[PDB]
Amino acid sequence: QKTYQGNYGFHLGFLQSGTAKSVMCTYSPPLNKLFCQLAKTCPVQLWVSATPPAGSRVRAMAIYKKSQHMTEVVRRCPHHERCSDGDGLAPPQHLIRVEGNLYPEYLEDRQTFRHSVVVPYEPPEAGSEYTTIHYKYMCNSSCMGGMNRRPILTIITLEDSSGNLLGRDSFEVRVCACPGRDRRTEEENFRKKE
């Protein structure tokens, strides 16, 4: 439910600023919110202080932030669902896609009907303290008939081979045309109270 590092010290990390990728993907620490452009790869870092057990997996799911929409399943808008921008793996209705993995599992929960994408947990490269997974959002937050300007939260969860929760972290996400511009807007607004 809430952030939970668990026994493996699991938590998320984000790309450093001033890199050019900032144009299509920029993270705001004070807001713990990611600003990105539709269909652009977003590098998310996975940090663990202990090696997860064999067969551990990483799930990504999107939920609406406000309790007023909490129960509504987050899916692509009717327009993009038909856009035919498929990669041959992600179903057309899924908002979140993983990039760089030829064997992701795209699921729909039998009871909640929520979408999620699962990928095997991979340890960091030699000399690295974290592992990077690339995600892509296939609709803008303002998409009519879709998120329709409702903020969402991306929930990342580390699970063992049997599905048991090992760790969980999350961040807000805004998919828009100008991440840089919009990020500044929400940051100076927030700063107005500091």
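The first residue of the sequence shown is number 1, and the count goes up from there.
In this crystal structure, the stretch out of 96 to 104 and 83 to 91 whose C-alpha atoms carry the higher mean B factor is 83 to 91. Just going by the entry, 168 to 176 versus 19 to 27 on mean CA temperature factor gives the higher value to 19 to 27. In this PDB entry, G127 carries a Cα temperature factor that places it within the highest third of its chain's modelled residues.
Ranked within its chain, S116 lands in the lowest third, by CA B factor from the PDB record. Annotation for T51: CA B-factor lies in the highest third of the chain's modelled residues. For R75, the recorded CA temperature factor ranks within the middle third of the chain's modelled residues.
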